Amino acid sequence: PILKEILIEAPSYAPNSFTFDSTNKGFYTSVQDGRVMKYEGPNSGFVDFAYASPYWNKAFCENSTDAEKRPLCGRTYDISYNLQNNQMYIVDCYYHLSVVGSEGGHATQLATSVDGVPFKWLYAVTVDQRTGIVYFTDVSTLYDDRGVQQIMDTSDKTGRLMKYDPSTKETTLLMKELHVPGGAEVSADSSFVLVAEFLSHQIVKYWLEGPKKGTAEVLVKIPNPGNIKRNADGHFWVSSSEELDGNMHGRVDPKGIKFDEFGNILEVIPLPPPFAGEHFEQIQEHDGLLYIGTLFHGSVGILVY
C-alpha cells in the first residue's frame, strides 16, 4: 500500500471541489475568493474561469481571506460539468444555483428557492449525464457560510435535497429535514441519488426509479461524511472526517472511503500530511488520480495510490 502525493499550489485559498470537461485536460476548482479557476497544466498554471457573483471584481475580491467579503464576492461550494453540452453548473453560498457556458464568465442564475423557502447555503451539485437533470443540496434554511458554529451548536436539521430540470426550468424539492447534507451524487444508471448527512454519519439513498420510488433509506454509515463523487466504475468516494472527540475542535482522523451501490466498503485511505489530522471536503477519482479538496489548505492535493 504505496502513496504518491502531488501538491499544486492554488491561487486564492481552499480549493474545495473539482470537475472536468469533455476535453479532459486539466481541471476546474472553486476557491475561497469566489472564483472558479481552471488549471491548464504545469507550464500554463491557473486562470480565471467563472464567477458566481455578478459583482466579483479584482481589487476588492481577489485573494480575500475576509469572510465579511463573501456576501458580495460569493463562495462557490461545488461545480459539475454537463459533458454533452459543455456547460458547468455552480452552487454558490450567496448566489445559489447557476450555470455557465464553455466560455466561462459571470454565471447565469437558475434558482434561489424551493417551495417558497429561499436557499441559505447550497453545497453539493451533480449532473446526471443521462437525463441532464441536476441534483443539489442546501445545508440549512437558517445558517450560511459564516454560521458553522451555530449549525453545530443547534445541531441544525433543516437541510434539503432538490432537483433542477433544465428542460422544464423547474426546481423540485426531494427531501427536507436533512442533518447537514454536505454531499450528493447520482448513480451511473440514474436510478437513485445519494446524500451524505454530516451530523448523522450516514449515506442516505433516495430512489429516482423502480418500485421504491420517492422513498429513502440508510445505505451505509460513515463518520462525518462530506462530498460524494461517483467514479468511472460507478462506485462512490466520500470524505470521512472522523471527529474522534465528537466535535470539530478535537482530533480528526480523515479518510477517503470508497463504497458501492449496496453500501459495501471497498477501500479506506487515510490522508497523508498535510491533510492528516484535519477535516476535508472531497476526494474525487479521475483518471487513476485522487483529488483532495479541503477548506483550509492552499494547495490542491492529488493522490496516486
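Residue numbers here begin at 1 and follow the sequence given.
Undergrad: Going by the mean C-alpha B-factor recorded in the entry, which is higher: 41-49 or 27-35?
TA: Looking at the recorded C-alpha B-factors, 41-49 comes out higher on average.
Undergrad: Just say lowest, middle or highest third for the CA B-factor of residue 165 relative to the other modelled residues in its chain.
TA: Highest third, going by the recorded CA B-factors of the chain.
Undergrad: Thinking about Cα B factors across the chain, which third does residue 255 belong to?
TA: Answer is lowest: the recorded C-alpha B-factor places it there.
Undergrad: In terms of the CA temperature factor given in the entry, to which third of its chain does residue 70 belong: lowest, middle or highest?
TA: According to the entry, residue 70 has a C-alpha B-factor in the chain's middle third.
Undergrad: Lowest, middle or highest third: where is residue 18 by C-alpha B factor in its chain?
TA: Middle third - that is where residue 18 ends up once the chain's C-alpha B-factors are sorted.
Undergrad: Among the modelled residues of this chain, does the Cα B factor of residue 213 put it in the lowest, middle or highest third?
TA: Top third by C-alpha B-factor.
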